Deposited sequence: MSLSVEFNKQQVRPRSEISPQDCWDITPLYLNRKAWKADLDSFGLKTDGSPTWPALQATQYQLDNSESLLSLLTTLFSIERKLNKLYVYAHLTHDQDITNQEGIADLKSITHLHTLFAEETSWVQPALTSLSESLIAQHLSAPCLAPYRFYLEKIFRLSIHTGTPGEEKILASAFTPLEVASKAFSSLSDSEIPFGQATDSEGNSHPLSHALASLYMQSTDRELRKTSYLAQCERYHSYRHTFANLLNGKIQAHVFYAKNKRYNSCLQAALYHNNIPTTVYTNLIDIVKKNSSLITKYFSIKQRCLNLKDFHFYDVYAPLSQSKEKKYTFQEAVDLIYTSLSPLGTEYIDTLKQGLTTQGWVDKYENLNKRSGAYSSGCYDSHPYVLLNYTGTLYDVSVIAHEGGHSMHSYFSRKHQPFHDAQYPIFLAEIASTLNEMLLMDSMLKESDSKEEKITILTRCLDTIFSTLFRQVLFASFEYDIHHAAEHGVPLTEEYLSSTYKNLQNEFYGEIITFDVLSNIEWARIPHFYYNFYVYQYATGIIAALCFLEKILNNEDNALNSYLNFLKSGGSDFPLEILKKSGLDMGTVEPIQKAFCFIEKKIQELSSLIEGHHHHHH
């Protein structure tokens, strides 16, 4: 039975009063700003002398202070809104603070480019100044951009091209998501099931091979018939990256994308090489799936078929499960999380009328973490708690140990804590399990995840690498070319096990253009790091646990690889990925001898 927000008992809800007692105070605070003409005159360019470290310190100090208050107000409004998304005051509050953030962003827009255009000498003076010492990394991140930032007129133009260069991605979406017509799948009976992106995903996991097959094949036909247009559009995007890269003084698009986070191209490059050389792991896992499904061959549409075939958990029970499942993370981690889920008011637990869908973690420097759930009682639910509990603890630990400007870990590291928790939970549940059907269920979910988030992403990564390369050398990305490149790749990865269908190599066409600009590899590095940390912890290797914990408390205080190095993961070497592969190998063998 469905209830409105106002009838939900507050023990089921998060407690956001530590931010603001009530909306009146929130509103009161929002007011202090006096919306205007400039709203912060203190932040006008003219008020600062950037050749003077004491002035700059004053600038940073003042903008971090404002920003901090804005975020507090934002989080409060956004969390309130998500309790009931149709509430009119909810909506208006949020729109205010949001407007305020945009003002802030406009008023302070002069800062970044004024800094990136200081001389080298001034740069070094600031990176050396002790009153700026707490803000070194922060400034380091900004000054690093000087060597790839031209005259202000040159930059005015690049910023200008952004608009027209959206076209490739936009056209792609209208075709892919809206206008190209979908076809029909068929089951064994002969019922046709019409298709959509969401249905296609559902049918991938079907139990009826004929549905999986006609669904996959119809998806290929959909794209194949607009193959020249998708090639044009993708060529366009890639040429966009080439345009931006070569005019900002980068030697390739990869370097352009990896610079922000200071990643050596070799890390990207070796990830691809090492992963390809472990293609055999794909071969191993999929044959188990093939033998277990009694199939004479194994098609891409077989990859997500289930091998086996339902309990229900109260919230309480979910917690008890998490609590024992994550115990290798230590008494202290386990209790803090338990306290957050049960007495500290971190969690909004259950569905109510018009509550935001799905799940997340949020909060800001000043709050504890806030987890929005739509708890329904399934095993999937439990793992969502484990996932969100991961982000939450990460954030909690970072806020407790970092100053405001260093506390937010970058995106490159944001999936590690959550993924490690998911994996740990499954690991512990296997150990604890007696049912063999369950064990297969768990092992299967776990390897499907590992294989789709690690191997499949690295495939995308080399593809994205080869096509930017080709473009850089002026080679034009025709459908013929794209489709060969992708075919060879499918081959390097899946050649020893997968039987190809005639259109299988059209996949590159269905992958959305926002999966471009080299971020997809980060899914893989994230899972590699999570699996590495986890493997060390399950084997009590040196003090791996202290290390993971130290990682969580590091926030964004340094470049992501450096943060990881400090924590015993040297992505500059082969060790972390070997530790990941160890974990996977072990799981493939457990599964292999359950058959």
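Colleague: Enumerate the deposited-sequence segments absent from the coordinates, judged by C-alpha atoms, in order of position.
Modeller: Several stretches lack coordinates - namely 1 to 10, 47 to 49, 323 to 324, 611 to 618, in sequence order.
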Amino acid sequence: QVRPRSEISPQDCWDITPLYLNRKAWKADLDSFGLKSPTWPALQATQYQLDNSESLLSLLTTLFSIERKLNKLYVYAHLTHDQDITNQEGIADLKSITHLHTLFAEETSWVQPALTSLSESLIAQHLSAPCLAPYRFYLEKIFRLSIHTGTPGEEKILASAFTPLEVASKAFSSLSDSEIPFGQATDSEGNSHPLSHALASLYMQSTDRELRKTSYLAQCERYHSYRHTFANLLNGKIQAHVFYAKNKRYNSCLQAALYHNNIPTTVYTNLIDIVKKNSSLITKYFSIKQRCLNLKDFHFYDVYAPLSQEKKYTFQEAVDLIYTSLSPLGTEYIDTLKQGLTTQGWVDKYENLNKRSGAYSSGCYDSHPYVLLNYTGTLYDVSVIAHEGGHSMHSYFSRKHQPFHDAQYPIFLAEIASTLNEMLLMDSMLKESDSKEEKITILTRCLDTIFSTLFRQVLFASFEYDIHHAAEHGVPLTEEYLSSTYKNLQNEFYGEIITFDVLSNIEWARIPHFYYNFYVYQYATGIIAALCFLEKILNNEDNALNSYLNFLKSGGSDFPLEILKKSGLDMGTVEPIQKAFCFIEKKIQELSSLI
From here on, numbers count along this sequence of modelled residues.
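Colleague: Averaging CA B factors per stretch from the PDB record, which one is higher: 405 to 413 or 115 to 123?
Modeller: The deposited B-factors put 115 to 123 ahead on the C-alpha mean.
Colleague: On mean C-alpha B-factor from the PDB entry, just flag whether 188 to 196 or 372 to 380 is the higher one.
Modeller: Per the PDB record, 188 to 196.
Colleague: Between 174, 343, 522, 504, where does the Cα B-factor run highest in the record?
Modeller: Of 174, 343, 522, 504, 343 has the highest C-alpha B-factor.
Colleague: Between 209, 228, 510, 311, which carries the biggest CA temperature factor in the record?
Modeller: That would be 311, according to the entry.
Colleague: Can you tell me which third, lowest, middle or highest, the CA B-factor of residue 399 falls into for its chain?
Modeller: Answer is middle: the recorded C-alpha B-factor places it there.
Colleague: Lowest, middle or highest third: where is residue 24 by C-alpha B factor in its chain?
Modeller: Tercile = highest for this residue's CA B-factor.
Colleague: Can you work out whether the C-alpha temperature factor of residue 37 puts it in the lowest, middle or highest third of the chain?
Modeller: As the PDB entry reports it, the C-alpha B-factor of residue 37 lands in the highest third of its chain.
Colleague: Name the third of the chain's ranked CA B-factors that contains residue 81, choosing lowest, middle or highest.
Modeller: For residue 81, whose C-alpha B-factor we compare with every modelled residue in the chain, the answer is the lowest third.
Colleague: Considering only modelled residues of the same chain, in which third does the CA B-factor of residue 260 rank: lowest, middle or highest?
Modeller: Answer is highest: the recorded C-alpha B-factor places it there.
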